[PDB]
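Heads up, what comes next is one protein chain in two forms, each shown on its own as structure tokens, labelled structure 1 and structure 2.
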Structure 1
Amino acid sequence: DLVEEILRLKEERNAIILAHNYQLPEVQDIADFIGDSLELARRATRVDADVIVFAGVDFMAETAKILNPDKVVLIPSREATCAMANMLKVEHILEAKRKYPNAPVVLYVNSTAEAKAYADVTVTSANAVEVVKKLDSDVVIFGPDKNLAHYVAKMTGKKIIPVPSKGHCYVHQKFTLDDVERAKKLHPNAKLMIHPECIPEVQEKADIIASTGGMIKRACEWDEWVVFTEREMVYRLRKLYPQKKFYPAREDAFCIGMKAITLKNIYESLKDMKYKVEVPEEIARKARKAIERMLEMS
């Protein structure tokens, strides 16, 4: 079926499939590498294949292209996009820089390429605290996610200016204190791993506040977990740790953009060499500096 044809074309194209943790299980199962956004960025700096098929969202594929100008990067659907990244506009960044001209600008690694050109360093949920703590300023411009910004402020003690003020990931915003209560009711011996893009009051109920990479690293600390992040992470964790139990905090917590990627459009991506991801060089050069700096700092 599609799996057999995909694998043949991957060989014919000298291609590698990189997948995010939130991809469908059947897509994770054909990927050469699976990770969070930080791990995907790092993995993109050691690509020896000629073609990268990105089972993720468009701005992640753009980050891979920024790091690999001489490789073909394919996004299987141009509708695979990130609602959180779309909330941040250049006008938000310019506005904040005029109010705080000496503050570093710290932006999520899969913001738009134009936004990343204004970043001094990029971050993800996995390294935001580590990076911001190392910056020598007590005020930081940070976005797009106001909930991650709040967590960073709490963990560093710095003043974190969120750009844009309402930016957030709708998937993580959904989680409520009622979901915490239901999780404790259903799995009283489970510990709660809660992503730092959840709202602060949900974060305060966590047994561990952790990025998805942190969820993998700290999963060894217990045998039973309820997972407050996008539901496909539960499949990823179950695959890594077949001896443990993982339960989604919400069955309906899914990223529509991530699920634009299908086995069928991965097959079509390799067959027809589409859709080719390109980033203008002036933007790419500035974004590359911020991404490479992030990788040096983490």
Structure 2
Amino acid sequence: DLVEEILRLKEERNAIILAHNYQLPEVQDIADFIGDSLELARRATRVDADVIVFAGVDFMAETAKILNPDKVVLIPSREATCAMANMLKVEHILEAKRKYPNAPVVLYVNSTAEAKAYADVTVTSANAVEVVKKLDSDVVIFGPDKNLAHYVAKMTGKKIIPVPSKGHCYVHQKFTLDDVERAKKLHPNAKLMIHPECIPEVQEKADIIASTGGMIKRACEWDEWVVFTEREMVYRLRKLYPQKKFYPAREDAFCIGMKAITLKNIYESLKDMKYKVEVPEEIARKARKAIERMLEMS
């Protein structure tokens, strides 16, 4: 029985399990903390665990390691990867800095640790506007998501240059205006909670624009919601709010990287102490400074 063995090994390893909101229900049920990556990493800094098992994708485990350098961070599969974060290369950043002289470089926290090391500051979707409004530049380099960049440009009035120019999340790009229309026909009493990684024309139809943490916070505002994000979030919301209704905007909105994590490989991760996530000291130092600036600016 995986669950029993996982729980026993978690105690033996002095480990905590951090699960992203898109993890399967059976994985979330054995997690200590559930949320988005930055809040998970920060919550781990307040406990004296020796090991973090990160049920999530590579860049999220990296953020955990950046904020918890004295803990062993394990990712159950190195195939738990983020296509959007992987679109951005260091060369994209250096080239953009050359093309937009002196413009600040802002990195969405959904990004690799290496990319954060070239950032002046990081942002979450929830603090991106507040942070960017404090940059005294009409032009801002922003990556890796062009769709969040559009939202930031709209809310700040600044010229936001996405890096890379076509960076985006393939999961959230699946949502279309037809999915909006289908939702309104089938669920006329529902409101639409839409992730800022969705395309601009879909964002425009939202009742709320929110990351997963904001979806949980603002779900209290209505009794029925159609959810424009990765489909496992619906189960997360249903378990949090059993008396509300939540429906996926698309049944096929599936992050392959997130589903690389299984009960079986969480068991194997704890049993064998793999796969170790490391962040080079200099990259970690610079990524840490960009995260610290984000707190100072919000």
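Numbers follow structure 1, counted from its first residue as 1. Basically, rigid core = biggest C-alpha set you can superpose within 1.5 Å across the two forms.
In a rigid core superposition between structures 1 and 2, 135 is the single residue of 177, 135, 72, 90 whose Cα is displaced by 2 Å or more. Overlaying the rigid core between structures 1 and 2 leaves the Cα of residue 292 displaced by 2.5 angstrom. On a core-based overlay, residue 213 has a Cα shift of 1.2 Å between structures 1 and 2. For residue 151, the displacement of the CA atom between structures 1 and 2, after superposition on the rigid core, amounts to 0.4 Å.
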